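Just below is one structure, and these are the notes that go with it.
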Amino acid sequence: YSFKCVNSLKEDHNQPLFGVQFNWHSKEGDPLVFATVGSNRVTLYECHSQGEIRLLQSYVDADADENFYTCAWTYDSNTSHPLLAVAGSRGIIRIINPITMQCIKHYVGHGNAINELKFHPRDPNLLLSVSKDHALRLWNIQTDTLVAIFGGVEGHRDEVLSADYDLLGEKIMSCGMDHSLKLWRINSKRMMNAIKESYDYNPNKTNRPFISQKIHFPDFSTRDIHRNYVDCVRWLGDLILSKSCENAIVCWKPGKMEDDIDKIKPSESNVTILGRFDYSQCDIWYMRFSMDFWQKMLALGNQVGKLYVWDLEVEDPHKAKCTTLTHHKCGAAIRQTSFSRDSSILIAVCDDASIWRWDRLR
Amino acid sequence: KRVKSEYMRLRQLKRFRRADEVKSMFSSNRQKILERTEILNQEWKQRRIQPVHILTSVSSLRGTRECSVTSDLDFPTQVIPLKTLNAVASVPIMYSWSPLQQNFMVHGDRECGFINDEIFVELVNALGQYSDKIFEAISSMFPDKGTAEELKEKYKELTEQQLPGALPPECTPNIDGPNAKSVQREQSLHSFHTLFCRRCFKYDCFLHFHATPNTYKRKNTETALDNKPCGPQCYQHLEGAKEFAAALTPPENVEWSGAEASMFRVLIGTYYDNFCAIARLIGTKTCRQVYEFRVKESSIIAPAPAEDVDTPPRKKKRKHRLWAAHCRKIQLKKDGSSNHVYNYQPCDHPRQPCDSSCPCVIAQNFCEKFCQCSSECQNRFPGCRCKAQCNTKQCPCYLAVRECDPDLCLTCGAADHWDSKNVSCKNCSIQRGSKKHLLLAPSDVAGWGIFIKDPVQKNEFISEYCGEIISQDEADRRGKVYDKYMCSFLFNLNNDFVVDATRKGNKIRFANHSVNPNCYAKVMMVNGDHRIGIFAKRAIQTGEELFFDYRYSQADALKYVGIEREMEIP
Amino acid sequence: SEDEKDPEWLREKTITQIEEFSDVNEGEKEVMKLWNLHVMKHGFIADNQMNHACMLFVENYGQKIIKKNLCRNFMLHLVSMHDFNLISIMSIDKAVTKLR
Ligand SMILES: Nc1ncnc2c1ncn2[C@@H]1O[C@H](CSCC[C@H](N)C(=O)O)[C@@H](O)[C@H]1O
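Chains as they are written, first to last, in this note's numbering: chain A, 18 to 379; chain B, 1063 to 1632; chain C, 31 to 130.
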């Protein structure tokens, strides 16, 4: 609720901007660095005192004439070096390590544009990507092997864009334009078995190529949540939040109130709707919102550059006491929003290559 | 407004409880969030993280681009040189899909849809509190005005009490279950009969009420009837009991479970006489007191018919040239058009002969072994008796639509060594499913294609274009989507059904089109299911890419497949 | 080859449809499963096969039949088989011999 736009920046490339992420995998006293991807440019910045934001290393995709769409920070346990993977219209994964100056791990095999990059909370070696081919293929980066693929034949007949790990990396919730609300359990005994051999497979040991599993059965699915294009969903602990073109915010849980997510069956079809934080003037899809590290502070952008901020305190959608911030200059189109690893600093990015930084009056 | 308020409140009793409930689970979520976030944050503390490093100038790349990131605020504009990213190839766009080899057949508006019956129960609460003013007061708000006169309707509507539910209304448990009731023979078989589909002789054939009524009869006197006193206490060992058995053509203290009596009812319909086989089938009871139980059963249940037939025809008078003449009669009637390909349908002729009213005759098709037409039906395919192998022009199978039946092409080894991959015939690979080993690689003409690892000859089997069974109307609707997306994984199976390969299929769906391709496509007809076989026009060697003609219009050809990649030599 | 008589996902696809039906008890519902699974395992087409296949099946999982207590339910399945004229008289006899 207590926030103000302290810094504002703008890329000179004037290109529409895309996903921005913050280095949550950090340490106390580490530089407060966040990253940004444009059409073919990838860049990072560090927030500083007095609203200062010094520019950091920025690379350019001078070869692939395609628009980057998603990016996410990465960690390596071997070198303790942070990394970051990116993808876009061509759907090829580039994961750059800033320390080594370049990217060495290349991932191809997906079809149309990749529209999701987001790593497992526990293993940094695991990254499941979502693209326009309806594929939930996951890559074991450290081993450079394909991992078990979800969805497929029984999955989404339409494109998928939104996917989320829960806090423990227990289950993966996902949905796309299909309006199908499907999740798959990571804790499925079969896949850890594949996961275990995935971490130690070597094609040089035996001719037998790796056998990734294919999965076509969610723990649950539904389509009664939205009659319009759902564009954002996130793991709200045991609940599931959602965003759609209809300018309505709906969190929900499967089945009835007493129905646990892990106890539920794929055959279930009941849903418990509980979210009512509706908004307006953001009818276009492809929007993406973000959450704080502690799952406390919620902020939403808008097509008209306005801010739609909420909290996860005793404040509940029973009355929806909103805090709708707005900046006069920031009004063109908010593409992506991202919290820092705190409730004080937030980075807001407009479509017109411009970046707006808001800080809390804590 | 007290009655109106209570109607508002009565609804609100559930509503604020939900408000209490959502808050209650919210705290449970929050503590779990605090549990999980703190636990995760602990490892974040442990993992040392390398701080960021700033860019440095490159002497060998002094010509790289430089971007001056503007600052919207008073902060100075900051510049940094650019770095070229990695160069990687591209794979042509495709959609996720899964293998298979058989075939397969195949918003968000409003809330709660209706006036909830919960309010009716709340109205019932307004009824149970119960002079005439009360009846009118109940009548005041609800559309079903609950006056004492209309309270009678309320009670009648309350007579429903509970829905029967989705379960077998009759007590028909598994016969292995101890609670298996004395279900009669047909009711027990009813579940299996509905689920079973003899077309593929499987239960719930998801590729095929379209089932036989099995109301037929068959000879039962094939048993040897080798009576012998082999069971100490049997149908034998008692001359009076054994002689009394001849008349049909008191048990001991032993008793029989209700489940046993059910399968006792089942067993008689199989042999009608073989009480000895009952002893070996179920070890709980000896033939005696089961033979005697059947004596009791024969006295209770009406005796079985046990009728045998021979049919007036014995032999001859059935030359296959008449069949061809019968086929000639059908051919000249409507098969002259050769455009209206109707998929096979099992015709039912319980009493009527194979008259011109036979659905296959109307569908200009031959009856099959599954048809309810008798074994003398003058439409069924005779066979594939060619001595060398059912593969060439002379053979009726290869000329006709019929892939040679496993039970009919007796000379071409159709039934023989079905497990063995190699066989004399070349018109039963689709029956066996013996494909080739196709390859996937980005086709040079356009996007993906299908390659072959080995040489293959002309006029021989290639992998079958399997897919999904779908009707024309949905095919155009889905095709309209694919037509918008230029995709054409649709195939004109027959005039009555279409097969589509976008979502579900096998590898060969990526085969590209050519106007003079080395490989062709011909619909075949096998085992009652039309399919489309693929065969190479000419001799092929290792590594050649596969092509086949789509048979589209020339306008559609340039609309879709306008690339051919071959000029004239002179 | 990346392909066989029966791709995996179909198996999980069909068994889910198996549990969809309500009027079939679980004891008589499981007998549906393993029967159809072995059929698609080998892809029989002709009458000669199923007479041999049942003997192949009964030895393949006859011990498993004991554990799941579907021996008697499977007998009714075999009874339906002869009703379909698809099985012979003595084939019923040999099944019990392998069964016990
Ligand atoms: N010879 C040809 N020239 C141009 N387009 C063709 C073609 N043969 C097939 N196509 C198109 O390809 C579509 C099938 S999808 C296969 C396309 C391509 N092989 C790829 O993998 O990307 C059809 O809709 C058809 O319109």
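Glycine is no exception: its CB is placed at the ideal position from the N, C-alpha and C atoms.
The bridge partners DSSP lists for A104 (chain A) are A:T87. With respect to the C-alpha of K270 (chain A), the residue from B:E1083, B:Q1603 and B:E1630 having the closest C-alpha is B:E1083. Remark: three or more beta-carbon pairs, one from each stretch, lie closer than 8 Å, so the segment 1083 to 1095 of chain B and the segment 237 to 256 of chain A are flagged as touching. Residues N245 of the same chain have their beta carbon placed closer than 6 Å to that of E263 (chain A), with the five preceding and five following residues left out of the count. A residue is called buried when at least 16 other Cβ atoms come within 10 angstroms of its Cβ; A1309 (chain B) does not meet this threshold and is exposed. As a beta-bridge residue in DSSP terms, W269 (chain A) pairs with A:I257 and A:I290. Exclusion of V1543 (chain B) from the 7 Å shell around ligand 1 follows from its C-beta lying no nearer than that to any non-hydrogen atom of the ligand.
Look at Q1163 (chain B): its C-beta is under 8 Å from a C-beta on chain C. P1415 (chain B) is outside the set of residues whose beta carbon lies under 8 Å from a beta carbon in chain C. Residues of the segment 141 to 161 of chain A with a Cβ closer than 7 Å to any Cβ of chain B, in chain order: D150, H151 and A152. In the structure shown, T1604 (chain B) falls within a coil segment according to DSSP collapsed to helix, strand and coil. In chain order, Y1404 place their CB closer than 6 Å to the CB of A1425 (chain B), counting only its own chain and leaving out the 5 sequence neighbours on each side.
Cβ proximity to chain C below 7 Å picks out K231, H233 and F234 from the segment 225 to 241 of chain A.
Relative to ligand 1, the beta carbon of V1507 (chain B) is positioned inside 7 Å of a heavy atom. Using a Cβ-Cβ cut-off of 8 Å, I75 (chain C) is close to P1468, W1480, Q1493, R1494 and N1589 of chain B, given in chain order. Exclusion of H72 (chain C) from the 7 Å shell around ligand 1 follows from its C-beta lying no nearer than that to any non-hydrogen atom of the ligand.
In this structure, the C-beta of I290 (chain A) stays at least 7 Å away from each heavy atom of ligand 1. Scanning its chain for C-beta atoms nearer than 6 Å, with the 5 sequence neighbours on each side dropped, one finds around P33 (chain A) the residues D368, in chain order.
Between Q320 (chain A) and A350 (chain A), the CB-CB gap stays under 8 Å. Under the three-pair Cβ rule at 8 Å, the segment 161 to 172 of chain A does not count as touching the segment 48 to 68 of chain A. By the CB criterion at 8 Å, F87 (chain C) and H107 (chain C) fall outside the cutoff. Separation of the CB atoms of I1340 (chain B) and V1352 (chain B) is rounded to 5 Å, and the pair is thereby assigned contact status at 8 Å. Contact between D150 (chain A) and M1548 (chain B) fails: their C-beta atoms lie close to 16 Å from each other, not under 8 Å. For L144 (chain A), the enclosing beta strand (DSSP E) begins and ends at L143 to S148.
Taking 8 Å as the cut-off, the beta carbon of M314 (chain A) is found closer than this to the beta carbon of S360 (chain A). At least one beta carbon of chain C lies nearer than 8 Å to the beta carbon of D1238 (chain B). Among the residues of chain C, those whose CB is under 8 Å from the CB of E171 (chain A) are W39 and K43, following chain order.
Taking 8 Å as the cut-off, the beta carbon of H196 (chain A) is found closer than this to the beta carbon of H243 (chain A). At a cut-off of 8 Å, the C-beta of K188 (chain A) has no neighbouring C-beta in chain B. The closest heavy atom of ligand 1 lies less than 7 Å from the beta carbon of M1156 (chain B). By the 16-neighbour rule on beta-carbons within 10 angstroms, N1336 (chain B) is buried. Scanning B:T1348, B:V1357 and B:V1316 for the CA closest to the CA of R1327 (chain B) turns up B:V1357.
Around the CB of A1601 (chain B), fewer than 16 other CB atoms lie within 10 Å, so the residue is classed as exposed. Among the residues facing chain A, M1548 (chain B) is not included, as its CB has no counterpart in that chain under 8 Å away. The DSSP-derived three-state label of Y1612 (chain B) is coil. The beta carbon of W1510 (chain B) sits closer than 7 Å to at least one heavy atom of ligand 1.
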